[PDB]
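K.L.:
Sending over a structure as structure tokens; questions will come in a sec.
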Amino acid sequence: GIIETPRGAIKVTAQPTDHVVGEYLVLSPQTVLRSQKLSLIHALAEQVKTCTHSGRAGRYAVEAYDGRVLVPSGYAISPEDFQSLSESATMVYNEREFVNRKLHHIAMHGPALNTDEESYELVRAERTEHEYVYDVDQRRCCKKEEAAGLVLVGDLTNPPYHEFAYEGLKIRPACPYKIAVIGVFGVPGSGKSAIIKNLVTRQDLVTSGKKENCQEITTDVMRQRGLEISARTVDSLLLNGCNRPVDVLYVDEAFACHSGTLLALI
Amino acid sequence: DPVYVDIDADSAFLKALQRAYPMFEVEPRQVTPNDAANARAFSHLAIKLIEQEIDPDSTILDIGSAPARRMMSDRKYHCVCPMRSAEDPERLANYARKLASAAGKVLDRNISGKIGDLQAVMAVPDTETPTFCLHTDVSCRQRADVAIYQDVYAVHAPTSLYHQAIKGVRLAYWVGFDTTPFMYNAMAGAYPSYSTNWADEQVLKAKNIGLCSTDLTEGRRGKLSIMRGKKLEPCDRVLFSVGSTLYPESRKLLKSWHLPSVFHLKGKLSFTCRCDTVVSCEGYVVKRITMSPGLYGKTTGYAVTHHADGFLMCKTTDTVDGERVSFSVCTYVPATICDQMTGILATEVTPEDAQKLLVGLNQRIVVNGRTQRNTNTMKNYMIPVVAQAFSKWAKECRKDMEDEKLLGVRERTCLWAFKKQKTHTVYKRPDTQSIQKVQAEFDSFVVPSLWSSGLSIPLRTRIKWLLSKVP
Amino acid sequence: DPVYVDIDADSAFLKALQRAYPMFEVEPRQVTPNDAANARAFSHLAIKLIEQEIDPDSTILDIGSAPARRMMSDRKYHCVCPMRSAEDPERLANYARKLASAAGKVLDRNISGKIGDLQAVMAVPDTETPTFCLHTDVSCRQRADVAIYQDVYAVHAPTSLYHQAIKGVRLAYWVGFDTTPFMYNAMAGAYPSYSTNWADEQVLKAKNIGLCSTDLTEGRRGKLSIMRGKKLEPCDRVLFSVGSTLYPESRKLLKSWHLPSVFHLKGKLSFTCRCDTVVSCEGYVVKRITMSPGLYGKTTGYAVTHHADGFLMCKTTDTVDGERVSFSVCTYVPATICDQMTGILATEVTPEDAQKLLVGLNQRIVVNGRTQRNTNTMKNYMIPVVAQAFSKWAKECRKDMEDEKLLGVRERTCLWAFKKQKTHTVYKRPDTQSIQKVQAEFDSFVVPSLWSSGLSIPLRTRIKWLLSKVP
Amino acid sequence: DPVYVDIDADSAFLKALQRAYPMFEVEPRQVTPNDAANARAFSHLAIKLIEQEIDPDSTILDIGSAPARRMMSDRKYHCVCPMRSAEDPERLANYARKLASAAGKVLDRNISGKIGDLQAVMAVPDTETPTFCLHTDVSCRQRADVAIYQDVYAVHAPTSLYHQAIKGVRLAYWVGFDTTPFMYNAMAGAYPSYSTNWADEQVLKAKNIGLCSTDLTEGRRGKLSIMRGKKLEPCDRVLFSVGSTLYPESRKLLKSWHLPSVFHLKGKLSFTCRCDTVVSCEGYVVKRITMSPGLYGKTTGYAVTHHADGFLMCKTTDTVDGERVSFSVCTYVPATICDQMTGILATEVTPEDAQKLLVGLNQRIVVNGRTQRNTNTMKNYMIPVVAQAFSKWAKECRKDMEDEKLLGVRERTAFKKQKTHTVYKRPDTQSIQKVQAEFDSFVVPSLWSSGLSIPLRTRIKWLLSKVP
Ligand SMILES: Nc1nc2c(ncn2[C@@H]2O[C@H](COP(=O)(O)OP(=O)(O)OP(=O)(O)O)[C@@H](O)[C@H]2O)c(=O)[nH]1
Ligand SMILES: Nc1nc2c(ncn2[C@@H]2O[C@H](COP(=O)(O)OP(=O)(O)OP(=O)(O)O)[C@@H](O)[C@H]2O)c(=O)[nH]1
Ligand SMILES: Nc1nc2c(ncn2[C@@H]2O[C@H](COP(=O)(O)OP(=O)(O)OP(=O)(O)O)[C@@H](O)[C@H]2O)c(=O)[nH]1
Ligand SMILES: Nc1ncnc2c1ncn2[C@@H]1O[C@H](COP(=O)(O)OP(=O)(O)OP(=O)(O)O)[C@@H](O)[C@H]1O
Ligand SMILES: Nc1ncnc2c1ncn2[C@@H]1O[C@H](COP(=O)(O)OP(=O)(O)OP(=O)(O)O)[C@@H](O)[C@H]1O
Ligand SMILES: Nc1ncnc2c1ncn2[C@@H]1O[C@H](COP(=O)(O)OP(=O)(O)OP(=O)(O)O)[C@@H](O)[C@H]1O
Ligand SMILES: [Zn+2]
Ligand SMILES: [Zn+2]
Ligand SMILES: [Zn+2]
């Protein structure tokens with residue numbers, strides 16, 4: 001629909017009743033290009049393009065692949081934050097069906113012989129020791145709904161991590177939080193580790209870095225000084241719901257993660 | 001509301017069924033690999049169409065029908081079941097067994113009435129019952145208003161219709177094959193869409209027709225017979241073969257159902273009749289006849305048939321029991337093939353060239369991802385005979401273009417006689433009609449006879465024992 | 001405002017209907033696979049247009065109509081219907097059954113008046129009522145304003161119109177087929193757009209026309225002839241086939257409806273009247289006639305027809321019952337084919353060459369510097385006859401250029417004999433008019449004809465019983 | 001202020017119609033599949049132009065008009081409606097029905113006055129009224145200022161104009177077909193832009209013209225004839241066909257409307273008149289004539305026509321009833337086609353070669369897929385005649401250059417006349433003819449008699465009996 005720009009800053013209203021996830025609008029790449037108002041993210045529209053066809057039948061048969069662009073809506077934010085927020089949400093949406101097509105493509109046609117696709121087999125719909133398993137009738141990932149036909153298993157079929165992020169957009173924040181974002185530079189493990197190790201506060205939670213990085217600080221603080229600091233991880237903190245707000249936040253190694261993801265995390 | 005038929009999901013006959021019945025929706029559901037599946041699908045849909053246009057709470061006369069088919073219907077049926085056939089006992093026993101097994105499990109289907117009706121008839125063969133009788137068409141004495149025929153070729157159409165109209169019937173229906181090939185006095189023919197072949201009694205030992213059989217021989221230059229012969233003409237006996245089932249028929253009764261548009265029935269009472277065709281699909285037709293009391297209008301004695309597909313009739317040469325003879329064969333051709341052949345029949349073509357071009361137009365290779373399949377439009381075994389017909393037709397049309405006659409005169413001279421040309425092929429293009437001369441005035445229908453009980457005591461005991469249980 | 005037609009959603013005839021009726025919006029829905037679907041859509045739209053044009057609260061007369069079609073309408077209709085056809089008893093029974101089935105369901109229409117009207121007529125047949133009567137067109141005694149003839153071919157146009165005029169009728173309408181072919185004295189013809197074929201009775205045994213039937217012969221040199229022929233001219237008997245239904249017709253009554261522009265009706269009273277054409281679509285026309293008392297102006301006795309499509313009439317050689325003869329046929333050609341055919345007709349072209357280009361031109365055309373499919377294709381079974389006609393026309397136009405003659409003179413050889421050149425085809429290009437001489441003065445209308453009833457006791461009893469069903 | 005015309009929205013006639021009327025804007029709207037849509041659009045626009053030009057305070061006379069279409073008009077009209085045709089009773093009945101139906105609703109166009117005036121004429125069919133009249137153009141005794149003729153070909157022009165002048169008429173208009181083809185004395189012709197064809201009675205049984213009908217049963221030798229004709233010359237009777245309607249005409253009355261620039265009318269009073277052409281579009285012209293008392297200047301007796309598109313006249317050979325004859329025909333050619341054939345006609349060309357070139361130029365031309373020639377510029381049934389004319393014209397032009405002669409002298413042996421078979425008038429060319437410019441015949445065709453019947457009077461009065 002319409003997009004209003006109050007005095008430089010850009011905010012988007014979600015009045016269209018089309019497909020929307022959480023508080024993010026979904027629209028075709030062609031719509032973005034044909035609008036001078038959305039000229040700030042035209043580069044992403046070109047990139048998401050070259051990935052939109054309407055299938056094919058015959059010797060070389062494929063299925064229609066449609067991509068979409070995700071933008072935040074409803075909140076008055078700076079134009080710069082609009083660019084980064086769209087990139088993070090759009091990438092996750094395009095990632096999920098890329099795997100979904102790959103599993104669906106193997107089912108209808110024959111798996112390649114000189115490849116690794118033999119790790120995916122066709123399994124009876126009754127014997128389903130797999131806790132989550134991919135079905136073909138509805139081309140989603142489902143636990144137990146009596147998938148008719150003959151069910152597929154595979155390596156990534158066991159943990160559906162691609163499917164574990166589609167619902168994450170429902171609770172994804174849109175408004176950036178205003179706070180003095182300071183940072184420590186230089187090769188890590190000199191004082192920045194020691195900031196959260198020897199002089200960390202009571203209410204801070206070590207959730208940053210890889211799961212190993214989350215646990216090392218917890219073992220480091222307890223063995224050296226103590227202070228009973230627990231350990232969550234970035235993946236669990238971002239996906240699962242949050243709790244009582246942290247007093248002071250000491251996230252480390254967040255520059256590996258994307259900026260838009262950090263904006264929603266804070 | 002969806003109608004389910006026993007057809008394979010990839011059959012090409014499904015498209016033809018939908019265009020013939022645009023008021024329904026058809027979904028395939030196969031449960032048995034019957035050899036005549038296409039012939040039964042059409043019959044199933046025909047009955048559904050008729051019941052949709054018949055006024056409810058009106059009794060219906062069903063002539064020569066198996067009573068096990070009209071059991072679950074909510075209408076009122078009166079079945080006329082003579083016992084002059086070799087498969088009647090199985091139908092009667094099956095009807096009794098299914099009736100007994102259905103008692104007490106169906107709420108409202110008049111099961112109790114049917115049980116009582118069957119027992120009453122078995123006690124007295126001559127009794128009349130609303131839902132069952134053992135008389136014939138001219139012997140039943142039950143009044144109604146609608147009569148239905150289904151695949152009946154053993155009655156005389158004018159005589160049978162008159163007896164129905166006396167009792168007060170004002171509507172009738174007929175379902176069956178097409179009578180047109182028999183009006184042209186053919187020797188053999190085929191219906192390729194339903195896998196049906198028919199032939200004459202005297203050509204059952206041919207070599208290259210649909211229904212025949214022969215054996216190997218070396219050939220001798222001498223053999224004597226007591227029958228001079230010297231004349232090969234069609235007879236009254238014809239054999240039918242639908243799928244893997246044999247049916248003997250007669251030409252006289254088959255031609256009696258090629259009714260004109262308007263005809264009069266004159267006797268003790270007078271009636272005026274009409275005839276229309278409502279459904280036609282590659283050989284099967286459905287006819288509707290209306291009857292009124294009185295005597296109105298005028299008659300012309302003509303019958304009209306409309307061709308949606310090509311109709312061919314040509315002369316072929318074959319060896320019957322080692323002797324070379326010639327007769328005529330008829331068949332049907334799809335419309336798409338006929339339209340694409342218009343270009344090359346402007347010149348003279350040899351039979352070999354016609355056969356090769358027909359094969360190319362017929363067969364295509366279809367690939368679905370990695371699977372390969374061969375698709376055909378019409379049956380391949382009829383191509384050689386069809387290719388011959390086109391070659392002869394293209395030659396006869398050219399000769400008419402050089403020997404041009406004057407306008408409005410007849411050439412008749414050394415002697416006052418006119419020469420008659422030879423004809424070897426009759427070809428009817430799509431969207432073309434054919435007209436025949438038939439009879440329209442019927443006077444005599446008196447066929448008195450005596451009724452005899454067509455039943456046996458061993459059969460009567462078996463039915464009674466089967467219909468013996470506390471429900 | 002939308003109008004529904006029983007036509008397939010992918011047919012090519014929908015474009016033609018939209019062009020002929022620009023004041024409506026037509027969209028298709030199919031419920032029946034009728035063989036004459038195109039011929040009924042035109043009639044349905046014609047009645048809708050006529051009703052809109054005329055004002056309400058005006059009494060309308062129907063000449064030989066089915067009362068069941070006008071049951072649900074707002075206009076005041078007076079149905080005149082004698083008992084002279086085999087379909088009349090069926091139509092009356094349908095009208096009574098349908099009328100009694102909606103006694104307490106429809107309140108807007110005058111249902112009660114119609115039921116009482118039918119009963120009063122059934123008592124005594126000599127009663128004139130506002131809705132129903134059992135007289136002819138010259139025996140009814142009901143005064144109205146508008147008369148409608150729908151598909152009426154069995155009356156004399158001058159005599160019928162005069163009897164309507166003396167009762168105070170100012171406007172009339174006619175819906176039917178074009179009568180232009182019958183003024184050219186053709187032997188056979190066709191209307192490809194409506195699947196209609198007609199032929200003379202003397203050539204019903206032809207081989208290569210739309211309505212014929214023959215058999216296979218080997219050839220008999222010399223035949224007996226009790227009587228002598230040498231004459232082959234059209235007779236008064238003509239047979240029509242509209243898809244699948246047969247209709248006999250007469251030439252004299254067919255040609256009486258090709259009225260001139262202005263003519264006078266002078267008898268006991270005098271009137272002056274005109275004739276105009278409002279709608280024309282590939283064979284179907286709608287005519288409007290307005291009468292006025294008194295004598296005015298002068299008459300010229302000329303009739304004009306405007307051709308929006310090509311009209312052809314050629315002479316062909318065929319074989320009728322084994323004997324070679326020649327006669328003339330006529331047909332219609334689409335305008336698009338004619339325009340694209342102009343380039344090569346400047347030279348001499350053989351019939352074989354013309355046939356090949358017609359087949360190719362039937363798939364692709366050029367429009368506005370671009371390319372598309374024809375979408376206005378012609379039937380394939382008439383291409384051979386059309387191709388031959390074009391060749392003769394091209395040859396004849398080249399002999400006139402080589403025989404240049406002086407201006408203002410007419411060579412004559414006391415008697416003066418002049419030669420007549422040969423013509424074998426007549427071709428009327430689009431946007432060209434035909435003019436002919438007809439009669440424009442009629443005075444002899446004296447027909448002292450009595451009247452008699454045509455009903456019977458058995459039919460009267462049935463109608464009373466059907467109307468006895470009060471619920 | 002847009003004007004709506006009853007034609008198709010994709011017709012090629014829109015471009016020509018808009019160019020002829022640049023003071024309006026034309027908008028299409030189709031409600032009827034009439035076969036003469038082009039002919040009615042021009043007449044509708046012509047009346048609109050005339051109405052706004054004249055003073056809205058004067059009185060207008062109509063000659064042989066239909067009063068039904070003059071109802072919703074803000075001007076003052078005096079309709080002269082005699083009873084001399086089979087169409088008049090229908091028009092009069094329609095006028096009465098419309099007047100009664102629209103009574104009491106539109107009380108702005110003086111409906112009550114018209115209703116009362118019509119009733120008065122019915123009672124006494126000899127009175128002169130401001131709105132209605134029952135005499136002819138000569139017998140009418142009403143004084144006005146402007147007279148309008150619309151599609152009138154049955155009145156002698158000098159006689160009618162003089163009778164209007166003595167009643168104080170100073171301006172006149174005429175709308176109709178072009179009379180140029182009848183000055184060349186042709187046998188048949190056509191107006192392809194309006195679907196109109198005309199022919200003479202002696203060639204009604206031709207084979208290859210626009211209005212004919214022949215037979216097929218033939219092929220014999222020898223037809224005895226009593227009279228020795230040997231003559232084919234045009235006669236008075238001429239038949240017209242517009243769409244699917246037939247109109248008989250006469251040559252003498254058609255040629256009387258080809259007036260010169262200046263002419264004098266002499267009699268009891270004297271006047272000087274001038275004729276001018278305002279609008280011309282492919283066959284229809286609009287002429288304006290002014291009258292002034294007295295005698296002034298001198299006349300020359302010449303008529304001038306300006307050609308915006310090609311005009312062609314040739315000689316053709318055909319068979320009439322089976323006998324081969326020869327006569328002349330005429331037609332019109334679009335300007336674009338004429339320009340593009342300039343280079344081809346430089347040499348001698350075979351008729352069949354010219355036909356192929358014309359077909360390609362007409363329906364097989366493309367530039368960018370936007371405009372082209374609308375893939376149909378000239379109707380296809382007149383190409384064979386046109387191709388024959390160009391071939392003969394080119395051949396005769398080459399012979400002129402091979403017979404070069406001296407300047408200012410002529411040779412007599414007593415001189416030879418060459419043969420001409422084609423007259424071709426290219427665009428931007430004028431033609432001049434000699435006509436009469438002095439008229440003094442004061443004929444008095446005064447035999448007055450009414451043509452109203454008693455039954456017709458009863459019907460008209462009865463329709464007005466009820467005020468609704
Ligand atoms: N020529 C001919 N064809 C028949 C006759 N009866 C049935 N048919 C056709 O044969 C086709 C297949 O027969 P079925 O439907 O199997 O017959 P059924 O009623 O199931 O019982 P059976 O005759 O014992 O097989 C039917 O569709 C009919 O069109 C007959 O009496 N004569
Ligand atoms: N030559 C001729 N054509 C007719 C006549 N009556 C109807 N037709 C045309 O043939 C077509 C056949 O009409 P149907 O589809 O059968 O419908 P119907 O006329 O209401 O009912 P029927 O009595 O069966 O004809 C009509 O649409 C007419 O255009 C007739 O009497 N003579
Ligand atoms: N040659 C000739 N053309 C006429 C005449 N009257 C009208 N026309 C032309 O015919 C064309 C078509 O109009 P018509 O179809 O006759 O209908 P109308 O003019 O609206 O009204 P009507 O005269 O009642 O038919 C008009 O544009 C006129 O230019 C006439 O008397 N003679
Ligand atoms: N006159 C009749 N009236 C009513 N039903 C009949 C009559 N004749 C036969 N039938 C029934 O129709 C069916 C045909 O019986 P038919 O004697 O023809 O058997 P058939 O010997 O196999 O010959 P066909 O193959 O031609 O049917 C039987 O079921 C029979 O009950
Ligand atoms: N003189 C008439 N006046 C009114 N209606 C008539 C007249 N003659 C016939 N009809 C009606 O024409 C309708 C059908 O035409 P007709 O009576 O000629 O039947 P037909 O013998 O089949 O000939 P056709 O093929 O021309 O219809 C009948 O319903 C009849 O009522
Ligand atoms: N002298 C006249 N004055 C006024 N109107 C006239 C005169 N003569 C004819 N008209 C009118 O011109 C119209 C054309 O009718 P006309 O007299 O020419 O006979 P027509 O044969 O019907 O037409 P036309 O001869 O032009 O083809 C009529 O309405 C007529 O009233
Ligand atoms: Zn019975
Ligand atoms: Zn009546
Ligand atoms: Zn006057």
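Ordering of the structure tokens sets the chain letters (A, B, ...), residue numbers begin anew at 1 in every chain, and ligands are numbered from 1 in the order given.
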Please, which residues have at least one atom within 8 Å of an atom of ligand 2, using only C-alpha atoms and all ligand atoms, listed as a count of residues only?

P.N.:
20

K.L.:
So which residues touch range 332-337 of chain C within 12 Å, counting only C-alpha atoms, skipping near sequence neighbours fewer than 4 positions away, as number ranges by chain?

P.N.:
C: 16, 178, 180-181, 189-194, 281-283, 307-314, 341-343, 357-367, 373-379, 382-383, 385-387, 389-390, 427-431; D: 363, 376, 379-381

K.L.:
How large is the C-alpha RMSD when chain B is optimally fitted onto chain C, using all Cα positions paired one-to-one in sequence order?

P.N.:
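When all C-alpha atoms are superposed, the deviation is 2.8 Å.
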
K.L.:
Could you check how far CA of residue 305 in chain D sits from CA of residue 259 in chain D, in Å to one decimal?

P.N.:
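Between CA of residue 305 in chain D and CA of residue 259 in chain D the gap works out to 11.2 Å.
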
K.L.:
Could you make a table, as a Markdown table, of the residues of chain C that have an atom within 10 Å of an atom of ligand 8, each with its nearest atom pair and distance in Å to one decimal, counting only C-alpha atoms and all ligand atoms, in chain and number order?

P.N.:
```
| residue | atom | partner | partner_atom_place_in_ligand_line | distance |
| --- | --- | --- | --- | --- |
| C:61 | CA | ligand 8 | 1 (Zn) | 8.3 |
| C:62 | CA | ligand 8 | 1 (Zn) | 9.4 |
| C:63 | CA | ligand 8 | 1 (Zn) | 9.7 |
| C:78 | CA | ligand 8 | 1 (Zn) | 6.7 |
| C:79 | CA | ligand 8 | 1 (Zn) | 7.0 |
| C:80 | CA | ligand 8 | 1 (Zn) | 5.5 |
| C:81 | CA | ligand 8 | 1 (Zn) | 8.5 |
| C:126 | CA | ligand 8 | 1 (Zn) | 9.8 |
| C:127 | CA | ligand 8 | 1 (Zn) | 8.5 |
| C:128 | CA | ligand 8 | 1 (Zn) | 5.5 |
| C:129 | CA | ligand 8 | 1 (Zn) | 6.7 |
| C:130 | CA | ligand 8 | 1 (Zn) | 7.4 |
| C:131 | CA | ligand 8 | 1 (Zn) | 7.7 |
| C:132 | CA | ligand 8 | 1 (Zn) | 6.3 |
| C:133 | CA | ligand 8 | 1 (Zn) | 4.3 |
| C:134 | CA | ligand 8 | 1 (Zn) | 6.7 |
| C:135 | CA | ligand 8 | 1 (Zn) | 6.1 |
| C:136 | CA | ligand 8 | 1 (Zn) | 8.0 |
| C:137 | CA | ligand 8 | 1 (Zn) | 8.4 |
| C:138 | CA | ligand 8 | 1 (Zn) | 9.8 |
| C:139 | CA | ligand 8 | 1 (Zn) | 7.8 |
| C:140 | CA | ligand 8 | 1 (Zn) | 4.3 |
| C:141 | CA | ligand 8 | 1 (Zn) | 5.8 |
| C:142 | CA | ligand 8 | 1 (Zn) | 5.3 |
| C:143 | CA | ligand 8 | 1 (Zn) | 8.8 |
```

K.L.:
Can you write just those residues out, C-alpha atoms, as a compact mmCIF listing (two decimals), in the first residue's frame?

P.N.:
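result-v7.txt written:
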```txt
# COMPACT_ATOMS: atom_id res chain seq x y z
CA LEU C 61 -50.48 -12.10 -31.92
CA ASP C 62 -48.42 -15.25 -32.47
CA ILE C 63 -48.92 -17.15 -35.73
CA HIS C 78 -52.51 -14.24 -28.00
CA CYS C 79 -51.45 -17.71 -29.18
CA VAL C 80 -53.01 -18.90 -32.44
CA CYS C 81 -52.31 -22.61 -32.99
CA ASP C 126 -65.50 -22.16 -31.13
CA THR C 127 -64.66 -19.65 -28.37
CA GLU C 128 -62.42 -16.60 -28.86
CA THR C 129 -60.45 -15.73 -25.72
CA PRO C 130 -57.73 -13.15 -24.99
CA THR C 131 -55.05 -15.85 -24.59
CA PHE C 132 -55.94 -19.05 -26.47
CA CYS C 133 -57.76 -19.95 -29.68
CA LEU C 134 -57.91 -22.84 -32.15
CA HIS C 135 -58.29 -21.01 -35.47
CA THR C 136 -55.98 -20.27 -38.40
CA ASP C 137 -54.41 -16.96 -39.45
CA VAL C 138 -57.46 -16.10 -41.60
CA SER C 139 -60.10 -17.32 -39.13
CA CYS C 140 -59.17 -15.63 -35.84
CA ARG C 141 -61.34 -12.70 -34.76
CA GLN C 142 -59.12 -11.02 -32.15
CA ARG C 143 -58.03 -7.44 -32.81
```

K.L.:
Could you give me, as number ranges by chain, the residues within 8 Å of residue 425 in chain D, counting only C-alpha atoms and dropping anything in the same chain fewer than 2 positions from it?

P.N.:
D: 307, 310-312, 423, 427, 429

K.L.:
Mind listing as a PyMOL selection string which residues of chain D are within 7 Å of chain C, counting only C-alpha atoms?

P.N.:
chain D and resi 31-33+84-86+89+195+210-213+216+218-226+230-233+243-244+317-318+322-323+325-327+352+356+359+364-366+369+374-375+380-381+453+455-456

K.L.:
Please, what distance in Å, to one decimal, runs between CA of residue 80 in chain A and CA of residue 49 in chain A?

P.N.:
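Separation of CA of residue 80 in chain A and CA of residue 49 in chain A: 22.3 Å.
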
K.L.:
Around ligand 3, out to 9 Å and counting only C-alpha atoms and all ligand atoms, which residues are there? I want them as an MDAnalysis selection string.

P.N.:
chainID D and resid 34:43 66 87:88 90:91 150:154 175:177 239:249 284

K.L.:
Filtering to C-alpha atoms, could you give me those residues as a PDB file, in the first residue's frame?

P.N.:
```pdb
ATOM      1  CA  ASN D  34     -26.750  -0.351 -39.033  1.00  0.00           C
ATOM      2  CA  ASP D  35     -25.390  -0.986 -42.527  1.00  0.00           C
ATOM      3  CA  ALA D  36     -25.127   2.749 -43.357  1.00  0.00           C
ATOM      4  CA  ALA D  37     -23.401   4.078 -40.244  1.00  0.00           C
ATOM      5  CA  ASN D  38     -20.908   6.208 -42.190  1.00  0.00           C
ATOM      6  CA  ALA D  39     -23.629   8.014 -44.162  1.00  0.00           C
ATOM      7  CA  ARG D  40     -25.520   9.064 -41.011  1.00  0.00           C
ATOM      8  CA  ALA D  41     -22.493  10.319 -39.061  1.00  0.00           C
ATOM      9  CA  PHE D  42     -21.707  12.967 -41.686  1.00  0.00           C
ATOM     10  CA  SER D  43     -25.272  14.306 -41.757  1.00  0.00           C
ATOM     11  CA  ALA D  66     -39.201  14.715 -41.133  1.00  0.00           C
ATOM     12  CA  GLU D  87     -42.646   6.860 -46.212  1.00  0.00           C
ATOM     13  CA  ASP D  88     -44.615   9.981 -45.250  1.00  0.00           C
ATOM     14  CA  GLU D  90     -45.089   6.380 -41.200  1.00  0.00           C
ATOM     15  CA  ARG D  91     -43.213   9.581 -40.333  1.00  0.00           C
ATOM     16  CA  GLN D 150     -31.061  17.882 -46.826  1.00  0.00           C
ATOM     17  CA  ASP D 151     -30.679  14.971 -49.272  1.00  0.00           C
ATOM     18  CA  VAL D 152     -33.111  16.464 -51.800  1.00  0.00           C
ATOM     19  CA  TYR D 153     -32.743  15.352 -55.425  1.00  0.00           C
ATOM     20  CA  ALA D 154     -36.335  15.656 -56.710  1.00  0.00           C
ATOM     21  CA  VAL D 175     -26.184  18.529 -48.204  1.00  0.00           C
ATOM     22  CA  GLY D 176     -25.838  15.543 -50.499  1.00  0.00           C
ATOM     23  CA  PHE D 177     -23.660  13.478 -52.801  1.00  0.00           C
ATOM     24  CA  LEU D 239     -30.941   3.600 -59.575  1.00  0.00           C
ATOM     25  CA  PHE D 240     -29.134   4.198 -56.273  1.00  0.00           C
ATOM     26  CA  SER D 241     -28.327   1.727 -53.488  1.00  0.00           C
ATOM     27  CA  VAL D 242     -27.178   2.950 -50.064  1.00  0.00           C
ATOM     28  CA  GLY D 243     -26.533   0.002 -47.777  1.00  0.00           C
ATOM     29  CA  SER D 244     -29.647  -2.123 -48.303  1.00  0.00           C
ATOM     30  CA  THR D 245     -32.017   0.636 -49.451  1.00  0.00           C
ATOM     31  CA  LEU D 246     -33.021   1.479 -53.024  1.00  0.00           C
ATOM     32  CA  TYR D 247     -33.601   4.974 -54.429  1.00  0.00           C
ATOM     33  CA  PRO D 248     -34.639   5.828 -58.014  1.00  0.00           C
ATOM     34  CA  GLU D 249     -33.298   9.061 -59.493  1.00  0.00           C
ATOM     35  CA  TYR D 284     -20.418  14.433 -49.537  1.00  0.00           C
TER      36      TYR D 284
END
```

K.L.:
Skipping near chain neighbours, those fewer than 4 positions away, what residues fall within 8 Å of range 45-58 of chain C using only C-alpha atoms, listed as a list in words?

P.N.:
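Listing them by chain and then by number gives residues 41, 75, 76, 144, 145, 146, 175 and 286 of chain C.
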
K.L.:
Store the residues picked out above, limited to C-alpha atoms, as a compact mmCIF listing (two decimals), in the first residue's frame.

P.N.:
```
# COMPACT_ATOMS: atom_id res chain seq x y z
CA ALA C 41 -28.98 -18.78 -29.73
CA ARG C 75 -46.37 -8.82 -22.50
CA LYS C 76 -49.93 -9.75 -23.45
CA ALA C 144 -54.48 -6.54 -31.79
CA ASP C 145 -51.59 -4.26 -32.77
CA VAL C 146 -48.47 -6.38 -33.39
CA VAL C 175 -37.41 -14.34 -38.24
CA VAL C 286 -34.85 -10.23 -39.25
```

K.L.:
Please determine the contact residues of chain A with respect to chain B at a cut-off of 12 Å, counting only C-alpha atoms, and supply them as JSON, numbers by chain.

P.N.:
{"A": [56, 57, 58, 59, 60, 61, 62, 63, 105, 108, 109, 110, 111]}

K.L.:
Env of range 255-266 of chain A: 8 Å cut, atoms = only C-alpha atoms, seq-sep filter 5 positions within chain, self excluded. Answer as a list in words.

P.N.:
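In the requested format, the answer is residues 81, 84, 85, 87, 88, 172, 173, 174, 175, 176, 177 and 238 of chain A.
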